[PDB]
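Novice: Sequence, then structure. It's an experimental one.
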Amino acid sequence: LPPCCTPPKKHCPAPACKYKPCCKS
């Protein structure tokens, strides 16, 4: 998937968005 750190899918509800420095940090 594309950069999770984006308006489209910024939220990190699922694991797929575990590599989101914007959500982890």
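Specialist: Looks like it arrived, so ask away. Residues are numbered from 1 along each chain as shown.
Novice: quick one, helices of the protein?
Specialist: Listed in chain order, the helices of the chain (DSSP state H) span 21-24.
Novice: which ones are touching the nearest residue to residue 11 once chain neighbours are set aside?
Specialist: Nearest non-adjacent residue to residue 11, counting by Cβ to Cβ, 6 or more residues apart in numbering: residue 17, 7.2 Å away. (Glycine included, C-beta is placed from N, CA and C.) By Cβ atoms under 8 Å, 6 or more residues apart in numbering, the contact list for residue 17 reads 4, 9, 11, 23.
Novice: so which of those is the most crowded?
Specialist: Top of the contacts of residue 17 by neighbour number is residue 4, holding 19 neighbours under the definition other Cβ atoms under 10 Å.
Novice: Test my guess that that one contacts residue 12.
Specialist: Yes. Between residue 4 and residue 12 a contact is recorded at 6.6 Å, counting by Cβ atoms under 8 Å.
Novice: Look up the residues that both of those two are in contact with.
Specialist: In terms of Cβ under 8 Å, 6+ apart, residue 4 and residue 12 are both contacted by the residues 20, 23.
Novice: Not counting sequence-adjacent ones, nearest residue to residue 20?
Specialist: residue 4 (4.2 Å).
Novice: tell me the contacts of the one you found?
Specialist: Counting by Cβ under 8 Å, 6+ apart, residue 4 has contacts 10, 12, 16, 17, 19, 20, 22, 23.
Novice: rerun that using 7 Å as the cut-off
Specialist: Applying Cβ atoms under 7 Å, 6 or more residues apart in numbering to residue 4 gives the contacts 12, 17, 19, 20.
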